[PDB]
Structures are given as structure tokens and as C-alpha cells.
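These notes are about the structure you will find just below.
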Amino acid sequence: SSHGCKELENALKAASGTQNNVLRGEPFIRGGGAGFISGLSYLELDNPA
Amino acid sequence: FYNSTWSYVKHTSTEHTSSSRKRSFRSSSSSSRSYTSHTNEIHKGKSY
Amino acid sequence: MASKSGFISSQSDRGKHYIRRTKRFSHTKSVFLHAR
Amino acid sequence: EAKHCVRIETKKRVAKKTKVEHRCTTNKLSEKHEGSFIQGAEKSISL
Amino acid sequence: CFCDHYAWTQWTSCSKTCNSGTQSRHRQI
Numbered sequence: 349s350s351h352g353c354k355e356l357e358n359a360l361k362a363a364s365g366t367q368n369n370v371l372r373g374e375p376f377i378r379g380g381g382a383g384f385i386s387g388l389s390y391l392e393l394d395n396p397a
Numbered sequence: 200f201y202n203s204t205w206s207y208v209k210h211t212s213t214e215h216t217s218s219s220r221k222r223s225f226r227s228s229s230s231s232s233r234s235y236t237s238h239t240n241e242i243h244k245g246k247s248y
Numbered sequence: 194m195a196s197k198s199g200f214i215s216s217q218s219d220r221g222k223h224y225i226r227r228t229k230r231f232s233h234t235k236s237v238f239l240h241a242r
Numbered sequence: 395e396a397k398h399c400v401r402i403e404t405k406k407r408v411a412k413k414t415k416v417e418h419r420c421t422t423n424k425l426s427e428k429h430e431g432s433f434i435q436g437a438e439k440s441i442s443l
Numbered sequence: 022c023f024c025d026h027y028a029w030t031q032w033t034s035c036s037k038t039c040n041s042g043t044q045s046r047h048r049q050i
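First to last, the protein sequences are chains A, B, C, D and E.
Sequential numbering from 349 applies to the first sequence in the deposited numbering.
Just so you know, the second sequence maps onto residues 200 to 223, 225 to 248 in the deposited numbering.
Just so you know, the third sequence maps onto residues 194 to 200, 214 to 242 in the deposited numbering.
Just so you know, the fourth sequence maps onto residues 395 to 408, 411 to 443 in the deposited numbering.
Sequential numbering from 22 applies to the fifth sequence in the deposited numbering.
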């Protein structure tokens with residue numbers, strides 16, 4: 349009797365991820381009291397209006 | 200605004216089996233193969 | 194790999223195992239915020 | 395699912413010789429195509 | 022269908038400078 353095995357495994361798990369997140373905005377105001385100008389022109393991201 | 204979303208799976212499994220025996225003497229050979237190719241893809245694009 | 198012979215009597219065996227493993231991971235994050 | 399599985403056997407005698417073989421090749425595949433696309437707009441104008 | 026997979030061509034140049042031209046685009050089917 350005689351016997352012989354050859355056995356092989358090869359595995360490749362590549363992966364990747366990316367994310368680009370960009371936000372911009374520019375309130376602009378003319379007229380009105382400078383305190384109300386600054387208080388409104390500051391961009392509230394939850395209410396850009 | 201718009202919210203594009205994409206979710207793609209490709210799964211492939213391929214199997215090979217070959218058992219043979221010859222006698223007169226005795227001889228035998230067994231071969232087995234399992235292959236898998238997998239891709240998972242998710243893509244999203246949200247614009248406002 | 195494995196191999197055998199068997200037959214007075216005689217027995218012979220050879221074995222070999224090999225493993226190689228590589229894990230490489232990189233992560234990069236960048237933030238730029240400017241307000242004026 | 396796709397399968398091709400076959401078993402052959404043979405004996406011949408004159411002395412004797414025999415052969416027997418089994419093969420079974422198989423594939424399985426799955427794809428899932430999930431997707432969504434929502435869109436919208438609002439005008440408002442006031443005077 | 023996720024029709025974004027067959028992305029849009031860019032808008033054809035405006036058909037006329039004034040008085041309402043139209044611009045149009047096919048998908049990359």
C-alpha cells in the first residue's frame with residue numbers, strides 16, 4: 349500500500365471604504381441692527397433659513 | 200435634494216469533485233475543489 | 194502534503223504543512239472647518 | 395443551483413480488470429439588487 | 022430599476038439664447 353495527498357487553500361479578502369462629506373454656506377445681510385445681523389447671519393446648520 | 204442608495208451582492212460558489220478507481225492491482229485518485237467569489241457593494245450619494 | 198508507503215514489514219511517511227497569513231489595514235480621516 | 399453528477403462503473407474479465417469513477421461538479425449563485433432613490437424640491441415665493 | 026446606475030449625460034447646450042430654448046440629455050443605457 350501507498351498513499352499521497354497534496355492540499356491547498358488560498359483566500360483573499362480585500363475591502364475598502366470612503367466617505368466625502370462637504371458643507372458650505374454664506375448668509376449675507378444688509379441693513380438692520382448689527383446684533384440682529386450677527387444673530388441671523390450665523391448659519392444654524394439645522395435651520396439655514 | 201436627492202438621496203441615491205445602491206446595495207449590490209454577487210455571490211458565486213463553484214464545486215468540483217472527481218473520484219476515480221482502477222483495478223486489475226489497485227489505484228485510486230480523489231480530487232476536490234471549492235471556489236467562492238463574493239462581492240458586496242454599497243454606494244450612496246446625498247445632495248442638498 | 195502527506196505521503197505513505199506500507200508493506214518482513216516496512217512503513218514510510220512524509221508530512222508537510224505551510225501557512226502564510228497577512229493582514230494590512232490603513233485608516234485616514236481628515237477634517238477642515240473654517241468659519242468667518 | 396446547477397449540478398452535473400455522474401457515476402460510471404465497468405468490469406471486464408478474460411484475468412480481470414475494473415474501473416469505477418464518480419464526478420460531481422456543481423455551481424450555486426445568488427445576486428441581490430437592493431436600491432433606493434428619493435428626490436424632491438420646494439419653491440416658495442411670497443410678496 | 023435604480024436608474025442612477027445608467028447615469029445621465031450632461032445637458033445639451035441650451036437650444037437658443039433667449040425666448041425659452043430647451044436642453045436635454047439621454048441616459049448611458
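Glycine included, every Cβ here is placed at the ideal spot set by N, Cα and C.
Go ahead and pull the three-state DSSP assignment for residue i.
| i | result |
| --- | --- |
| D:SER442 | coil |
| C:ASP219 | strand |
| D:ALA437 | coil |
| A:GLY380 | coil |
| E:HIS26 | helix |
| A:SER389 | helix |
| A:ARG372 | coil |
| A:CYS353 | strand |
Roughly how many whole angstroms lie between the Cα atoms of residue i and residue j?
| i | j | result |
| --- | --- | --- |
| C:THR234 | A:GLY365 | 10 Å |
| E:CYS35 | E:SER41 | 9 Å |
| A:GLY383 | A:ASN395 | 19 Å |
| C:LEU239 | E:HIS47 | 38 Å |
| A:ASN358 | A:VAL370 | 41 Å |
| C:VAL237 | B:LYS246 | 19 Å |
Are the CB atoms of residue i and residue j nearer to each other than 8 Å?
| i | j | result |
| --- | --- | --- |
| B:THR236 | B:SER212 | yes |
| B:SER206 | B:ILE242 | yes |
| B:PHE200 | D:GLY431 | no |
| A:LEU391 | A:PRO375 | yes |
| B:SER219 | D:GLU417 | yes |
| B:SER223 | D:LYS413 | yes |
| D:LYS397 | D:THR422 | yes |
| B:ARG233 | B:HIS210 | no |
Name the residue from the options whose alpha carbon lies nearest to the alpha carbon of residue i.
| i | options | result |
| --- | --- | --- |
| B:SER231 | A:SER349, A:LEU356 and A:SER350 | A:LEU356 |
| E:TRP32 | E:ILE50, E:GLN49 and E:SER45 | E:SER45 |
| A:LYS354 | C:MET194, C:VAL237, C:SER218 and C:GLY199 | C:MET194 |
| D:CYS399 | D:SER440, D:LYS415, D:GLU427 and D:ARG419 | D:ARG419 |
For chain G, is any of its Cβ atoms less than 8 Å away from the one on residue i?
| i | result |
| --- | --- |
| A:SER349 | Among the protein chains of the structure shown, namely A, B, C, D and E, there is no chain G. |
Tell me, to the nearest whole angstrom, how far the beta carbon of residue i is from that of residue j; I am working on the premise that it is less than 8 Å.
| i | j | result |
| --- | --- | --- |
| C:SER216 | A:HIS351 | The Cβ separation is near 14 Å, so there is no contact. |
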